[PDB]
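[1] below: the sequence, then the experimentally determined structure.
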Amino acid sequence: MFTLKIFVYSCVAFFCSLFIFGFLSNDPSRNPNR
Amino acid sequence: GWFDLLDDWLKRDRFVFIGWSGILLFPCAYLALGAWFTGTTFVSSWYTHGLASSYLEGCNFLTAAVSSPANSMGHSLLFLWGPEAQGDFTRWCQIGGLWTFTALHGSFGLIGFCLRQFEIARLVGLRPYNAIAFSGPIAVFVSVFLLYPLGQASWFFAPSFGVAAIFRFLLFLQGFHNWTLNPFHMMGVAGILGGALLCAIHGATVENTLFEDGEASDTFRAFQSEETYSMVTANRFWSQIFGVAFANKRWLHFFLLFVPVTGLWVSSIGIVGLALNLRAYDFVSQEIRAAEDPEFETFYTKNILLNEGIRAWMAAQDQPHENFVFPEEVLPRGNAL
Amino acid sequence: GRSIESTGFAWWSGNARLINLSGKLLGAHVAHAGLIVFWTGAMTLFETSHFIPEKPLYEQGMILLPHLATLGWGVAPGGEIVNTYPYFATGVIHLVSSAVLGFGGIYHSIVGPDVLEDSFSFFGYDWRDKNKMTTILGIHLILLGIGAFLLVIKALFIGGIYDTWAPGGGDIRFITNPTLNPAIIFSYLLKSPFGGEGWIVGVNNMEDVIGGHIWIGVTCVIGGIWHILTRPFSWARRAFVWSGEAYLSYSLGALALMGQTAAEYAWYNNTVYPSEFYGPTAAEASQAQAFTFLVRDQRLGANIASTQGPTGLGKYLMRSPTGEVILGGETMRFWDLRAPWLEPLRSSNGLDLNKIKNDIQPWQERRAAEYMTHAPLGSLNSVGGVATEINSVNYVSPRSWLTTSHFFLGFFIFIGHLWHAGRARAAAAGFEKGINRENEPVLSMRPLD
Amino acid sequence: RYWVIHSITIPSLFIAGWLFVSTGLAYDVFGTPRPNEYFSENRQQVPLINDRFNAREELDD
Amino acid sequence: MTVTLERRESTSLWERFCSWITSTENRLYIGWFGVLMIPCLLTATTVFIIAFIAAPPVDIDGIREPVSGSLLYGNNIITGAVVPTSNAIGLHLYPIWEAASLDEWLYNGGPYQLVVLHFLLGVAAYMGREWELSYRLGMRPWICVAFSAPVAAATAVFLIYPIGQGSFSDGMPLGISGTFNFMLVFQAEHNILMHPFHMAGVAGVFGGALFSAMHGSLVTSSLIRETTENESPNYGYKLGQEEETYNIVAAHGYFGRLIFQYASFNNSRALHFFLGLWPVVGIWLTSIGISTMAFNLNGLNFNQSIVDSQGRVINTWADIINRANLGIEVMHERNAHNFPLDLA
Amino acid sequence: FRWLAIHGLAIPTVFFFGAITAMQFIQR
Amino acid sequence: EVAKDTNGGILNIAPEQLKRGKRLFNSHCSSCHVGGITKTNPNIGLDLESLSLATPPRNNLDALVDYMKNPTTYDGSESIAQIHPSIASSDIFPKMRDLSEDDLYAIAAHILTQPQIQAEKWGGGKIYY
Amino acid sequence: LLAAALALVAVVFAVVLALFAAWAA
Ligand code: CLA
Ligand code: CLA
Ligand code: CLA
Ligand code: CLA
Ligand SMILES: CCCCCCCCCCCCCCCC(=O)OC[C@H](COP(=O)(O)OC[C@@H](O)CO)OC(=O)CCCCCCCCCCCCCCC
Ligand SMILES: CC1=C(/C=C/C(C)=C/C=C/C(C)=C/C=C/C=C(C)/C=C/C=C(C)/C=C/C2=C(C)CCCC2(C)C)C(C)(C)CCC1
Ligand SMILES: CC1=C(/C=C/C(C)=C/C=C/C(C)=C/C=C/C=C(C)/C=C/C=C(C)/C=C/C2=C(C)CCCC2(C)C)C(C)(C)CCC1
Ligand SMILES: CC1=C(/C=C/C(C)=C/C=C/C(C)=C/C=C/C=C(C)/C=C/C=C(C)/C=C/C2=C(C)CCCC2(C)C)C(C)(C)CCC1
Ligand code: OEX
Ligand SMILES: [Cl-]
Ligand SMILES: [Fe+3]
């Protein structure tokens, strides 16, 4: 049960980090008028 | 010619179009609407339901209505000159003649309006799809306000023209017919919710794929044979978002015609069914299983219990002519409550 | 410009004409603040005017007076409203100030200059000027910190605040030793919002409240100074949209979140929102019913700790999933409740059965009766009770009004956030007015399949 | 210019409705019970109509 | 130096990743919001399917009376559901790792909580994703607002109402019959039919369907003859064409003669804005209604509002609907209540 | 038909409005 | 048209008093006695039959006002002023501080006139809503 | 609860943070 918690925590932290740092990578520049 | 002159005059381009169809539509529409106002303002339902029903008595817009005739009247057309009221307008209102008045005049009114759609369509030179689409609502009115009571005991169990009254008709059909469990009604719900979905999503899509045809932020002013929005961009967007998108404007507009109209028709099938008490009330398998096995429970059985409650308690107040007497010991209920 | 031709916006979207007009915009803000303070004063005087001495606040439809009473004005031990004059004072002050802010608003809106960048340089700004914006932000942050310290000062030195957990029933108390321990405060911050946890809504003592405001005061002041004397880093400059509408959208998201949080505070918390003033919570009322009939039936000779209900669970007393002794029935869901009228009967392993058998006080029974009979349930036309109840009691708990209204507000404010954030992006990139017929992006893309 | 005849007829109709209620003529016309006419001294129950073809004689009682 | 910082970062690995994520060339767009959406919706979907088919009965009301919701336990499509978590748990977070075993988890209704949370997250992310693709394709960004209405509804019945009532056991069951149950109980305890916001919702969906059928019938009626007889008229339109496929003037004229001249729209942009606006506002209001009734600000109560001179109650339709409400109230969860007032 | 329709709707509307107001003051 | 005392005292009541009595009942009693069941104890309600079977029988105005002054158990064997709102305990029940003898008699008038006009509805419960 | 959770969370977060830091550079 603890290992499952570790797994899920790893996944959540992973995708959350990708989300946050992803949207910080100059997202307004990602448009067809650039 | 005489008829030709009549036609010429009736089909003149006025602020409000008339036509032959107008000959049928306007009187009946006027009388139905007016009867609703007249009833909801002055007429009571004390001698039919034992209920206050008008503004004069203290009802608000939500609780006021033109209630159904007394159960004893049966399926009487209840003419003002009928053998029940015998010309007496007061006794006519006390019996519930205003309900049959509103219902019949409303029906012929609907006929007249559909005929109006056909007539204007033919005069202008368009395809009569508006009228068909309107065959929808007609099916609802005919099945619910005419067929259902005609199948039942009397007009008494038809919906009363009013907000809270309609609410009563609803909870009645739930408690007595388990109307939510009926697949035809489910198709109806699919039709309506699907219709609203299509309306919203089409509106939003067109509004958000607009072409820049102006300099103002007010894109409304910037509006021809050229499309005002990008069909290709829309297609791309919904294809990458939802997996599937429209590609044919004609098919799109037909589709958002078809979904809601079909919904209405299906639910109408259902209602006819209920007119004969031919219900989708139970799942015999689960009833037998539950009868033999006191540990077996689904949301279906829970709702069956709910229906039983509804029926008892409201049965005593909703059908006063039956003289139902339920001692407080026979009323089904759970612990504490 | 005040026309469609001169601005591009219509009379509805009329307010967008003020985006680049510093003067008239400032006028709009000041006038609006004037409206806020106006309402505060007028409504406070209304509540003071309609108030009746020997009735609880929550029976009289008061939402402003409970705040002042919570702060400790005109309150006797137990939550008795004796002096209703300081309320009148605050109301009057707010009203008159509303006259001042109103005058300033009308002036800067109609009389004064449209652009504050010409005649002035300190009150003028370009939306695209990051430094100026962070400066203003810093100033207002420092102001907020000062306000937090105003609450802290009021509670530490000037009379104190109404403590419902006070040893002797609810009474005004000067917070001698506030909580400055980061472990505790920030323990609130990093805690789950779910049952039994409650995040920051689960604060149950004024020490932690006031200490928290000390921390938030220091944080706001230090942050204000930080933003006044610095410029945004590269990553923030790359990540954000720098325009008025964007800032508006940010503040909108923030205020939506805050709206939801406030609704939850009003609905679950009974420390910052004393039940003596705001009325009981749903949880508190349900527990109060269970308590009430536990007492009634125990007085009728039933051993409640052994009383088996229809289900097989305890009729009056059972266990929570983690072992604690709790009240039975549906209120098993509300076993996380903490109320000053019940905690006397609380032990290490939950409710103390011995104290339940022997030490239940009359005032506790009165509390339970009052609260279960003033549960936050009622109709839109203020008919008290469950939906099936008849017309007799004119009552809707202040908690319901506050929570529902602020959910409404927070919700629509979130909608506004989506709207303005989206339009901010589209206006920044340059296609908020439609697709360029000569530069349609899709046409320059390879088809999907 | 067209506000004269309307200033003579619209208030007239308004007052006419008012009088239609205040004089109690509405009650007599639509057979609507007055606040004191729901229950008499003889009947304490709801006066439902039971006879379809004899509703007049029944309503008279 | 203006608003957007127009700049790039030179074929870096992280930049390549950001490029692929934000690629408009993917068959299905996978933005950052999709980086949140895809895993959430996948977990939610898997657990939902598996549970709907094979999950053991769940003690929904915490009274040790498990309700069967899966197909392999005697349910069909109509009666099957994912039963809401136990009332003994309330609003407590109940992940699998907080249970002693998967069996316990299944008994207390963990699947429901998992599915609901993941679904709400993934659907919010779906909304954000709609915005995102709109931005990437140079569109106007307000489709996600339109979609914000349904998200609000889902959030209302799956999260807010459990919060106001203090238990996820009051959340709407993931199933047909369960949904009906939710509706009936809700009517009993909030009189939602007499709530003006629900009326607004009904106006939104009835009106939405009306305007859908109306717009559809009008445009279908005024289609320009581009096709042969007995052939599908849809073939008379080609994807990407610039020429309009129907006579807008003829439609506006028809509508103008149907009611009156000034009742009709001339601006198609205005018309479609209205089409988008009516149902979205309706649904917005109904969602708010569900949440605010989640804090027990119930529908209008006119029970025994009309009294006679002597002081006796004269019933109205509201009293009858109150009778039905009473039926549902007294009959629902027969073994759950020990005390006369239902406050939770 | 303009007169007939406009008055057909407006005349009873005013009549009824007066009536209902009068009802606002009817005591028990 | 109610009972003034146990000696058969009968006095008629005009609608002025019925109005004041209804208002004060709804203001001071009419939770619980929202409708004169008793939410905090449904075993002892304000229905006529229950009132008559009390000791002393609260079937009359004087007995009711006496109860509002000093309330007892259903058998009259013990005082319950520390639990039930009363003049004797208006110090802990502040809502009772603004009630005069006329007020008590008006409230009692209301309570006693209700079962004559509403019959089974008074003290009947949700059954008769 | 246990140190392992914080270890893993901070580990993944620091990894992606460094990736981003390189990108920002
Ligand atoms: C911090 C608050 C805030 C601020 C400063 C603004 C500011 C602005 N908004 Mg905005 N907005 C907000 C919150 C805010 N919004 C919220 C919460 C929503 C979601 C509902 C929106 C949704 C919104 C839209 C959809 C649009 C704007 C637009 C605009 C711009 C022009 C606004 C205008 O002329 O109003 C004009 C004001 C009116 C027409 C009055 C309408 C009143 C509403 C419909 C009724 C509200 C009911 C009310 C509570 C009480 C009922 C009345 C009853 C008592 C009789 C302006 C920059 C426009 C824009 O993008 O232009 C750039 C635009 O199209 N806003
Ligand atoms: C935070 C806001 C808030 C809250 C929680 C309350 C709460 C309360 N007020 Mg109060 N009030 C407020 C703001 C608020 N008020 C404001 C702004 C004013 C100035 C007009 C007043 C003036 C006022 C008076 C004068 C009185 C109260 C009273 C009361 C009490 C009873 C309320 C009642 O019957 O509501 C009635 C509720 C409604 C009518 C519902 C309103 C409908 C909403 C706005 C939706 C409609 C908007 C529409 C849907 C928007 C379209 C959406 C569009 C964007 C698409 C209660 C404690 C009464 C009391 O007992 O006080 C002693 C009283 O006499 N209030
Ligand atoms: C150093 C410069 C400075 C200072 C001191 C302020 C101060 C203020 N601004 Mg402001 N502003 C500035 C620069 C500054 N601004 C600039 C450069 C701009 C851009 C043009 C603006 C634009 C602006 C707008 C658009 C608005 C303000 C508002 C406000 C007021 C916030 C009231 C409130 O509720 O806060 C929170 C309040 C508290 C936490 C309570 C305590 C606050 C302190 C301790 C005292 C407050 C007393 C009173 C309100 C004014 C005295 C303040 C002064 C002695 C410092 C406050 C008086 C708002 C307002 O309503 O103005 C009246 C508003 O709408 N400002
Ligand atoms: C008044 C509010 C306010 C506002 C609007 C800003 C605005 C800003 N700050 Mg700032 N700041 C503030 C207060 C504020 N600050 C305070 C009070 C402090 C500390 C005293 C700081 C310290 C600070 C530093 C040190 C820096 C900024 C920076 C910035 C800029 C970048 C923002 C950013 O990327 O955020 C995004 C922020 C994050 C992703 C952080 C996440 C927050 C963590 C995870 C804690 C939250 C968890 C919490 C328990 C759960 C919240 C619940 C919620 C999620 C629902 C921006 C202009 C940066 C900048 O550009 O330099 C000037 C920068 O380097 N700020
Ligand atoms: C990560 C992203 C996840 C996205 C969510 C998944 C979305 C899945 C959508 C599937 C659509 C299937 C369409 C088939 C039919 C099909 O392929 O049509 C394709 C059709 C294309 O139309 P055209 O304009 O090309 O048609 C021109 C002529 O062929 C017309 O005759 O699309 C539409 O008509 C729009 C309506 C689709 C909307 C349909 C919604 C149905 C929802 C599913 C209902 C049942 C669910 C049961 C579950 C148990
Ligand atoms: C029955 C009958 C008849 C008929 C009669 C009539 C036809 C009547 C009419 C009547 C009418 C015709 C009436 C009317 C009425 C109206 C009204 C009553 C109105 C109201 C209104 C209101 C209420 C308003 C509302 C609103 C709107 C509109 C929107 C906005 C908001 C408001 C709210 C303002 C005859 C004799 C032939 C024969 C015998 C039988
Ligand atoms: C911009 C604009 C606007 C707005 C405006 C506004 C919003 C304004 C406001 C204003 C204001 C906001 C004002 C205020 C004022 C206030 C005042 C004026 C106050 C006064 C007070 C008093 C008078 C008091 C008295 C008293 C006392 C002293 C105490 C005791 C009691 C008594 C009452 C005696 C609009 C949209 C319309 C449009 C145009 C432009
Ligand atoms: C007074 C008090 C207290 C304390 C409190 C405190 C101390 C608080 C703090 C708080 C805080 C400290 C908060 C914070 C928050 C944060 C946030 C809320 C964040 C947000 C973020 C964002 C919004 C971002 C976004 C984004 C992304 C994610 C992507 C990229 C882009 C951007 C950047 C846009 C206590 C509890 C003791 C008690 C009660 C009272
Ligand atoms: O859990 Mn599902 O439903 Ca809301 O109310 Mn209380 O809890 Mn039970 O009863 Mn009725
Ligand atoms: Cl219970
Ligand atoms: Fe269209």
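    Okay, I see it. Numbers count the residues shown, from 1 in each chain, chains lettered A, B, ... in the order given. Ligands and ions are numbered 1, 2, ... in the order given.
[2] leaving out chain neighbours, which residue sits closest to the residue of the stretch 151-300 of chain E at minimum distance from ligand 4?
    Ligand 4 sits closest to residue E:159 of the stretch 151-300 of chain E, with a gap of 14.4 Å, by C-beta to the nearest ligand atom. The way it works is simple: take the backbone N, C-alpha and C, and place the C-beta from them, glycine included. The spatially closest residue to residue E:159, leaving aside those adjacent along the chain, is residue E:120, at 6.0 Å (C-beta to C-beta, 6 or more residues apart in numbering or on different chains).
[3] run a quick neighbour tally on the one you found.
    Applying other C-beta atoms under 10 Å in any protein chain shown, we find 17 residues neighbouring residue E:120.
[4] packing partners of the host helix or strand of it?
    Per DSSP states H and E: residue E:120 is located in helix E:110-136. Secondary-structure packing of helix E:110-136 (3 or more C-beta pairs under 8 Å, 6 or more residues apart in numbering or on different chains; DSSP states H and E): helix B:231-241, helix C:398-429, helix E:32-54, strand E:81-82, helix E:143-146, helix E:148-155, strand E:174-175.
[5] is any residue of that helix near ligand 5?
    No - using C-beta under 6 Å from any ligand atom, helix E:110-136 never reaches ligand 5; the gap is at least 7.9 Å.
[6] got the angle for that helix vs helix E:32-54?
    150 degrees (axes from the mean of the first three to the mean of the last three C-alpha atoms, to 10 degrees).
[7] the helices in chain G, which residues?
    Along chain G, counting by DSSP state H, helices occupy G:15-28, G:48-52, G:61-69, G:101-117.
[8] starting at the chain centroid, how far to the last one?
    So that's helix G:101-117. Average the C-alpha atoms of helix G:101-117, do the same for its chain, and the two points are 7 Å apart (C-alpha atoms, centre = their mean, to the nearest Å).
[9] CA atoms only: put that helix into PDB for me.
    Below are the C-alpha coordinates for helix G:101-117, written out as PDB (Å, rounded to 0.1, in the frame of the first residue of the first chain):
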ATOM      1  CA  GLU G 101     -49.500  38.700  30.400                       C
ATOM      2  CA  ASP G 102     -51.600  39.900  27.500                       C
ATOM      3  CA  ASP G 103     -49.000  38.400  25.200                       C
ATOM      4  CA  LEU G 104     -49.100  35.000  27.100                       C
ATOM      5  CA  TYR G 105     -52.900  35.000  26.900                       C
ATOM      6  CA  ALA G 106     -52.800  35.800  23.200                       C
ATOM      7  CA  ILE G 107     -50.300  33.000  22.500                       C
ATOM      8  CA  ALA G 108     -52.500  30.600  24.600                       C
ATOM      9  CA  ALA G 109     -55.500  31.900  22.700                       C
ATOM     10  CA  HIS G 110     -53.800  31.000  19.400                       C
ATOM     11  CA  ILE G 111     -52.800  27.500  20.600                       C
ATOM     12  CA  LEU G 112     -56.300  26.800  21.800                       C
ATOM     13  CA  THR G 113     -58.100  28.200  18.800                       C
ATOM     14  CA  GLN G 114     -56.000  26.300  16.300                       C
ATOM     15  CA  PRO G 115     -57.400  22.800  16.900                       C
ATOM     16  CA  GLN G 116     -60.900  24.200  16.300                       C
ATOM     17  CA  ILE G 117     -60.200  25.600  12.900                       C
END
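[10] got a list of contacts for that helix?
    Here helix G:101-117 makes contact (C-beta atoms under 8 Å, 6 or more residues apart in numbering or on different chains) with E:310-312, G:1-3, G:13, G:17-18, G:20-22, G:24-25, G:28-29, G:33, G:36, G:46-48, G:59-61, G:64-65, G:68-69, G:87, G:99, G:122-123.
[11] and if you look at the shortest one?
    Residues lying outside helix G:48-52 but in contact with it, judged by C-beta under 8 Å, 6+ apart, are G:44, G:57, G:58, G:59, G:115, G:122, G:123.
[12] touching the helix or strand hosting residue A:3 from outside, list them.
    Assigned by DSSP H and E, residue A:3 belongs to helix A:2-23. Outside helix A:2-23, the residues that touch it by C-beta under 8 Å, 6+ apart are C:239, E:18, E:21, E:32-33, E:35-36, E:39, E:95-97, H:2, H:4-5, H:8-9, H:12-13, H:15-17, H:19-20.
[13] drop anything exposed from those.
    C:239, E:18, E:21, E:32-33, E:35-36, E:39, E:96, H:8-9, H:12-13, H:16, H:19-20 (16 or more other C-beta atoms under 10 Å in any protein chain shown).
[14] closest residue of chain D to ligand 9?
    Counting by C-beta to the nearest ligand atom, chain D gets nearest ligand 9 through residue D:46, at 32.2 Å.
[15] report the contact partners of that residue.
    Contacts of residue D:46 (C-beta under 8 Å, 6+ apart): B:46, B:50, B:320.
[16] run the last query once more with 7 Å
    Applying C-beta atoms under 7 Å, 6 or more residues apart in numbering or on different chains to residue D:46 gives the contacts B:50, B:320.
[17] the one 5 residues further on too?
    The contact partners of residue D:51, taken as C-beta under 7 Å, 6+ apart, are B:72, D:58.
[18] what's the closest non-adjacent residue to residue C:291?
    residue C:368 (4.5 Å).
[19] I'd say the one you found and residue C:293 touch.
    No - using C-beta atoms under 7 Å as the test, residue C:368 is too far from residue C:293 to be in contact (9.3 Å).
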